[PDB]
>>> print(open('coords_32.tsv').read())   # TSV, C-alpha atoms
chain	number	residue	atom	x	y	z
A	1	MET	CA	13.33	-4.37	-7.99
A	2	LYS	CA	14.33	-0.91	-9.17
A	3	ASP	CA	14.86	-0.17	-12.87
A	4	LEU	CA	11.51	-0.67	-14.59
A	5	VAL	CA	8.81	-1.01	-11.96
A	6	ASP	CA	10.41	1.78	-10.00
A	7	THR	CA	10.55	3.93	-13.16
A	8	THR	CA	6.79	3.56	-13.25
A	9	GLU	CA	6.61	4.45	-9.56
A	10	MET	CA	8.77	7.52	-10.13
A	11	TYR	CA	6.54	8.73	-12.95
A	12	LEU	CA	3.42	8.20	-10.81
A	13	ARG	CA	4.94	10.11	-7.90
A	14	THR	CA	5.78	12.97	-10.25
A	15	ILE	CA	2.25	13.18	-11.60
A	16	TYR	CA	0.93	13.11	-8.02
A	17	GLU	CA	3.20	15.96	-6.93
A	18	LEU	CA	2.23	18.09	-9.92
A	19	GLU	CA	-1.46	17.71	-9.02
A	20	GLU	CA	-0.58	18.42	-5.41
A	21	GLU	CA	1.20	21.58	-6.47
A	22	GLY	CA	-1.72	22.64	-8.66
A	23	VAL	CA	0.25	22.17	-11.88
A	24	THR	CA	-1.36	20.55	-14.93
A	25	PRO	CA	0.39	17.16	-15.40
A	26	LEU	CA	1.95	17.62	-18.83
A	27	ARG	CA	4.61	15.36	-20.33
A	28	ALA	CA	7.23	18.09	-20.87
A	29	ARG	CA	6.63	19.05	-17.26
A	30	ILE	CA	7.26	15.49	-16.17
A	31	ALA	CA	10.36	15.37	-18.38
A	32	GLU	CA	12.24	18.27	-16.83
A	33	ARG	CA	11.14	17.30	-13.33
A	34	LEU	CA	12.76	13.88	-13.76
A	35	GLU	CA	15.54	15.09	-16.04
A	36	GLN	CA	14.47	12.54	-18.67
A	37	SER	CA	13.16	12.51	-22.26
A	38	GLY	CA	15.57	11.18	-24.86
A	39	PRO	CA	14.06	7.86	-23.95
A	40	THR	CA	11.29	10.36	-23.67
A	41	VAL	CA	8.65	10.27	-21.06
A	42	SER	CA	6.56	9.57	-24.19
A	43	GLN	CA	7.61	5.94	-24.51
A	44	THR	CA	7.25	5.38	-20.80
A	45	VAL	CA	3.84	7.05	-20.64
A	46	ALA	CA	2.60	4.98	-23.60
A	47	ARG	CA	3.63	1.88	-21.62
A	48	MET	CA	1.71	3.06	-18.55
A	49	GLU	CA	-1.35	3.69	-20.71
A	50	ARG	CA	-1.18	0.08	-21.90
A	51	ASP	CA	-0.99	-1.12	-18.32
A	52	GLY	CA	-4.03	0.96	-17.40
A	53	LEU	CA	-2.25	3.38	-15.06
A	54	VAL	CA	-3.01	6.62	-16.87
A	55	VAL	CA	-4.77	8.13	-19.84
A	56	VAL	CA	-3.58	11.04	-21.95
A	57	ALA	CA	-6.51	13.46	-22.05
A	58	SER	CA	-7.64	15.68	-24.93
A	59	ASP	CA	-5.42	18.61	-24.02
A	60	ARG	CA	-2.30	16.57	-23.20
A	61	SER	CA	-2.61	16.33	-19.45
A	62	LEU	CA	-2.11	12.97	-17.81
A	63	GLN	CA	-5.06	11.61	-15.85
A	64	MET	CA	-4.33	8.75	-13.49
A	65	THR	CA	-6.80	5.88	-13.59
A	66	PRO	CA	-8.13	4.81	-10.19
A	67	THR	CA	-5.57	1.98	-10.03
A	68	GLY	CA	-2.74	4.29	-11.03
A	69	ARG	CA	-3.75	6.75	-8.31
A	70	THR	CA	-3.83	3.99	-5.70
A	71	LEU	CA	-0.29	3.00	-6.66
A	72	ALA	CA	0.89	6.62	-6.79
A	73	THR	CA	-0.55	7.12	-3.31
A	74	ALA	CA	1.32	4.14	-1.85
A	75	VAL	CA	4.57	5.49	-3.29
A	76	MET	CA	4.02	8.93	-1.73
A	77	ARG	CA	3.13	7.29	1.58
A	78	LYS	CA	6.31	5.21	1.58
A	79	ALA	CA	8.48	8.17	0.53
A	80	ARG	CA	7.06	10.48	3.17
A	81	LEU	CA	7.27	7.90	5.96
A	82	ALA	CA	10.88	7.40	4.90
A	83	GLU	CA	11.48	11.16	5.07
A	84	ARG	CA	9.89	11.18	8.54
A	85	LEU	CA	12.15	8.25	9.55
A	86	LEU	CA	15.31	9.73	8.11
A	87	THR	CA	14.62	12.99	9.93
A	88	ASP	CA	13.07	12.11	13.32
A	89	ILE	CA	15.01	8.93	14.12
A	90	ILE	CA	18.10	8.67	11.92
A	91	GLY	CA	18.75	12.40	11.94
A	92	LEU	CA	20.12	12.59	8.42
A	93	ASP	CA	20.92	16.10	7.24
A	94	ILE	CA	17.67	17.66	5.99
A	95	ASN	CA	19.42	18.70	2.78
A	96	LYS	CA	19.90	15.02	1.94
A	97	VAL	CA	16.54	13.64	3.11
A	98	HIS	CA	14.61	14.19	-0.12
A	99	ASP	CA	17.00	12.26	-2.38
A	100	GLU	CA	17.53	9.37	0.05
A	101	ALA	CA	13.78	8.95	0.55
A	102	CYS	CA	13.28	9.02	-3.19
A	103	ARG	CA	15.38	5.86	-3.39
A	104	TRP	CA	13.90	4.25	-0.29
A	105	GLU	CA	10.30	4.57	-1.53
A	106	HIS	CA	10.91	1.73	-3.98
A	107	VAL	CA	12.09	-0.77	-1.39
A	108	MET	CA	9.92	-0.33	1.71
A	109	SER	CA	7.31	-3.04	2.23
A	110	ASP	CA	3.85	-2.39	3.62
A	111	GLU	CA	4.82	-4.22	6.77
A	112	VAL	CA	7.70	-1.82	7.47
A	113	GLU	CA	5.24	1.04	6.91
A	114	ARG	CA	2.89	-0.37	9.52
A	115	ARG	CA	5.71	-0.45	12.07
A	116	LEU	CA	6.75	3.12	11.26
A	117	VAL	CA	3.30	4.48	11.96
A	118	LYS	CA	3.60	2.72	15.30
A	119	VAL	CA	7.11	3.97	16.05
A	120	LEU	CA	6.96	7.55	14.71
A	121	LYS	CA	5.66	10.42	16.86
A	122	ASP	CA	3.54	12.05	14.20
A	123	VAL	CA	2.76	10.80	10.73
A	124	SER	CA	0.55	13.78	9.78
A	125	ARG	CA	3.03	15.50	7.48
A	126	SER	CA	6.42	14.97	5.97
A	127	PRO	CA	9.28	17.23	7.14
A	128	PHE	CA	8.69	19.27	4.01
A	129	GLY	CA	5.16	20.18	5.02
A	130	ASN	CA	3.05	17.97	2.76
A	131	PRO	CA	0.46	15.57	4.20
A	132	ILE	CA	1.15	11.87	4.21
A	133	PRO	CA	-1.65	10.20	2.16
A	134	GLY	CA	-3.09	6.68	2.23
A	135	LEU	CA	-2.58	6.10	5.96
A	136	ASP	CA	-6.12	4.69	6.00
A	137	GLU	CA	-5.35	2.28	3.16
A	138	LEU	CA	-2.50	1.02	5.30
A	139	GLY	CA	-4.86	0.23	8.16
A	148	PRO	CA	-9.86	-4.20	5.56
A	149	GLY	CA	-6.55	-5.30	6.99
A	150	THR	CA	-6.31	-8.10	4.43
A	151	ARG	CA	-8.14	-11.16	3.11
A	152	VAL	CA	-7.51	-14.03	5.52
A	153	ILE	CA	-6.84	-16.35	2.59
A	154	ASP	CA	-3.81	-14.30	1.57
A	155	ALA	CA	-2.39	-13.20	4.94
A	156	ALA	CA	-2.21	-16.84	6.05
A	157	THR	CA	1.06	-18.79	6.09
A	158	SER	CA	2.20	-22.26	7.13
A	159	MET	CA	3.75	-20.40	10.06
A	160	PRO	CA	1.21	-19.59	12.83
A	161	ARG	CA	0.76	-16.05	14.13
A	162	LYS	CA	-1.81	-13.83	15.84
A	163	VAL	CA	-4.01	-11.29	14.07
A	164	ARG	CA	-7.13	-9.19	14.73
A	165	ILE	CA	-10.46	-9.55	12.89
A	166	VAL	CA	-11.68	-6.46	11.04
A	167	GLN	CA	-14.73	-8.03	9.42
A	168	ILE	CA	-16.37	-11.41	9.01
A	169	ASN	CA	-18.83	-10.28	6.32
A	170	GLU	CA	-21.44	-12.88	7.13
A	171	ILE	CA	-23.79	-10.89	4.92
A	172	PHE	CA	-21.91	-12.20	1.87
A	173	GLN	CA	-21.92	-15.86	2.90
A	174	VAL	CA	-24.06	-18.63	1.48
A	175	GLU	CA	-22.51	-21.34	3.66
A	176	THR	CA	-24.05	-20.63	7.05
A	177	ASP	CA	-22.97	-23.71	9.06
A	178	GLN	CA	-19.79	-22.06	10.29
A	179	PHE	CA	-21.46	-19.01	11.83
A	180	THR	CA	-22.28	-20.84	15.08
A	181	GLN	CA	-18.96	-22.68	14.87
A	182	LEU	CA	-17.24	-19.28	15.02
A	183	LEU	CA	-19.60	-17.99	17.72
A	184	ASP	CA	-18.76	-21.02	19.91
A	185	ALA	CA	-15.01	-20.37	19.81
A	186	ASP	CA	-16.10	-16.74	19.95
A	187	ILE	CA	-14.07	-15.20	17.13
A	188	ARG	CA	-15.80	-11.89	16.41
A	189	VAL	CA	-13.18	-9.12	16.60
A	190	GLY	CA	-10.16	-10.29	18.57
A	191	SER	CA	-6.75	-11.96	18.41
A	192	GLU	CA	-6.58	-15.42	16.85
A	193	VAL	CA	-4.05	-17.90	15.49
A	194	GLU	CA	-3.77	-18.13	11.71
A	195	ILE	CA	-2.22	-21.03	9.81
A	196	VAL	CA	-2.22	-22.82	6.45
A	197	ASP	CA	-1.07	-26.25	5.30
A	198	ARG	CA	-3.21	-28.18	2.83
A	199	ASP	CA	-4.47	-24.76	1.79
A	200	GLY	CA	-6.98	-25.11	4.61
A	201	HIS	CA	-6.96	-22.28	7.14
A	202	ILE	CA	-7.57	-23.05	10.79
A	203	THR	CA	-8.13	-20.58	13.62
A	204	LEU	CA	-7.69	-20.50	17.40
A	205	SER	CA	-9.50	-17.86	19.47
A	206	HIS	CA	-9.40	-16.49	23.02
A	207	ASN	CA	-10.75	-19.95	23.86
A	208	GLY	CA	-8.26	-22.58	22.64
A	209	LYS	CA	-10.57	-23.90	19.91
A	210	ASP	CA	-9.93	-24.63	16.24
A	211	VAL	CA	-12.11	-23.80	13.24
A	212	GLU	CA	-11.24	-25.04	9.75
A	213	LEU	CA	-12.75	-22.43	7.40
A	214	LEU	CA	-14.29	-23.20	4.01
A	215	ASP	CA	-12.98	-21.32	0.97
A	216	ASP	CA	-15.96	-18.97	0.91
A	217	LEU	CA	-15.26	-17.75	4.45
A	218	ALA	CA	-11.46	-17.81	4.04
A	219	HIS	CA	-11.70	-15.54	0.99
A	220	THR	CA	-14.08	-13.20	2.80
A	221	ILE	CA	-13.02	-12.84	6.43
A	222	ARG	CA	-10.55	-9.97	6.74
A	223	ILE	CA	-7.98	-9.73	9.50
A	224	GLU	CA	-5.42	-7.06	10.37
A	225	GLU	CA	-1.87	-7.47	11.59
A	226	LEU	CA	-0.95	-6.25	15.08
>>> encode(input="coords_32.tsv", output="structure tokens")
Amino acid sequence: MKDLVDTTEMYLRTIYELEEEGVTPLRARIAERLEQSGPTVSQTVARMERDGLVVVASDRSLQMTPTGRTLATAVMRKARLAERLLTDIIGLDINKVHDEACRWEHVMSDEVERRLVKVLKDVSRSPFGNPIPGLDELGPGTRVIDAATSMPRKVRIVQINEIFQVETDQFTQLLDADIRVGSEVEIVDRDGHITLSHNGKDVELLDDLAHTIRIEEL
């Protein structure tokens, strides 16, 4: 949980900050920043290149691939929401906030993040002045097929994406129990998702629709 994957996250955060600061992301630069290289950044970077997280450009700068950038962004979002939490609510001494949040970034789930944006006064910037990125990405709430569990719960519909369906029979089925963009009950079992809407009615979705309809926690 934090001694391999989090090394990767630390490296990605460092590259992100260097770009943010207007500094060319060079390996030596990353090395002093993290007080590493002995077990050089070189071996770690080569590993990230294999995983498709970054590419070493012609000069020597590190360019994050789109997937790497998406991961780097989530890490910065978690760190900065942690800083905001540690400062506004916990009240930890500002001189200790940076280091604590650097550890916390590796353990905060997306769900905790969603609650923090709801509980914090302002999530615009961190206490250190930098903007908190990826708030949008947080919330396409999620593919129904994944967000569903054997344990029922309410959620809100962000998109049905009927445009992408081939199996039309369920459109009217949904329309009857309403289900357009409102709370509903989600549940799994024999891998078949059912749904209850504002009108106590059930609709057993077919794979196609279950993979496509996207909800959003509330």
>>> atom_distance(input="coords_32.tsv", atom1="atom CA of residue A:205", atom2="atom CA of residue A:192")
4.6 Å
>>> residues_around(input="coords_32.tsv", residues="residue A:12", least_positions_apart="5", cutoff="8 Å", atoms="only C-alpha atoms", output="VMD selection string")
chain A and resid 68 to 69 71 to 72
>>> closest_atom_pairs(input="coords_32.tsv", of="stretch 50-80 of chain A", to="stretch 107-119 of chain A", cutoff="9 Å", atoms="all atoms listed in the file", output="JSON lines")
{"residue": "A:74", "atom": "CA", "partner": "A:110", "partner_atom": "CA", "distance": 8.9}
{"residue": "A:77", "atom": "CA", "partner": "A:113", "partner_atom": "CA", "distance": 8.5}
{"residue": "A:78", "atom": "CA", "partner": "A:108", "partner_atom": "CA", "distance": 6.6}
{"residue": "A:79", "atom": "CA", "partner": "A:108", "partner_atom": "CA", "distance": 8.7}
>>> residues_around(input="coords_32.tsv", residues="stretch 48-59 of chain A", least_positions_apart="5", cutoff="8 Å", atoms="only C-alpha atoms", output="list in words")
residues 8, 64, 65, 66, 67, 68 and 69 of chain A
>>> residues_around(input="coords_32.tsv", residues="residue A:193", least_positions_apart="2", cutoff="6 Å", atoms="only C-alpha atoms", output="ChimeraX atom specification")
/A:161-162,203-204
>>> write_last_selection(input="coords_32.tsv", atoms="C-alpha atoms", output="mmCIF file, keeping the file's coordinate frame")
data_model
loop_
_atom_site.group_PDB
_atom_site.id
_atom_site.type_symbol
_atom_site.label_atom_id
_atom_site.label_comp_id
_atom_site.auth_asym_id
_atom_site.auth_seq_id
_atom_site.Cartn_x
_atom_site.Cartn_y
_atom_site.Cartn_z
ATOM 1 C CA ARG A 161 0.760 -16.050 14.130
ATOM 2 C CA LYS A 162 -1.810 -13.830 15.840
ATOM 3 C CA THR A 203 -8.130 -20.580 13.620
ATOM 4 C CA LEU A 204 -7.690 -20.500 17.400
#
>>> closest_residue(input="coords_32.tsv", among="A:95, A:180, A:220, A:130", to="residue A:151", atoms="all atoms listed in the file")
A:220
>>> atom_distance(input="coords_32.tsv", atom1="atom CA of residue A:133", atom2="atom CA of residue A:219")
27.7 Å
>>> closest_residue(input="coords_32.tsv", among="A:169, A:154, A:199, A:61", to="residue A:19", atoms="only C-alpha atoms")
A:61
>>> atom_distance(input="coords_32.tsv", atom1="atom CA of residue A:211", atom2="atom CA of residue A:137")
28.8 Å
>>> closest_residue(input="coords_32.tsv", among="A:63, A:39, A:3, A:176", to="residue A:15", atoms="all atoms listed in the file")
A:63
>>> residues_around(input="coords_32.tsv", residues="residue A:159", least_positions_apart="6", cutoff="9 Å", atoms="all atoms listed in the file", output="list in words")
residues 194, 195, 196 and 197 of chain A
>>> write_last_selection(input="coords_32.tsv", atoms="C-alpha atoms", output="CSV table (one decimal), keeping the file's coordinate frame")
chain,number,residue,atom,x,y,z
A,194,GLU,CA,-3.8,-18.1,11.7
A,195,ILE,CA,-2.2,-21.0,9.8
A,196,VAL,CA,-2.2,-22.8,6.4
A,197,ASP,CA,-1.1,-26.2,5.3
>>> axis_aligned_box(input="coords_32.tsv", around="stretch 58-75 of chain A", padding_each_side="3 Å", output="AutoDock Vina command-line options")
--center_x -1.8 --center_y 10.3 --center_z -13.4 --size_x 18.7 --size_y 22.6 --size_z 29.1
>>> residues_around(input="coords_32.tsv", residues="residue A:208", least_positions_apart="6", cutoff="12 Å", atoms="only C-alpha atoms", output="VMD selection string")
chain A and resid 184 to 187 191 to 193 202
>>> closest_residue(input="coords_32.tsv", among="A:183, A:46, A:135, A:30", to="residue A:70", atoms="only C-alpha atoms")
A:135
>>> residues_near_point(input="coords_32.tsv", point="(10.1, 12.1, 4.1)", cutoff="12 Å", atoms="only C-alpha atoms", output="ChimeraX atom specification")
/A:75-105,116,120,123-132
>>> closest_residue(input="coords_32.tsv", among="A:200, A:22, A:38, A:190", to="residue A:164", atoms="all atoms listed in the file")
A:190
>>> closest_residue(input="coords_32.tsv", among="A:182, A:221, A:37, A:26", to="residue A:209", atoms="all atoms listed in the file")
A:182
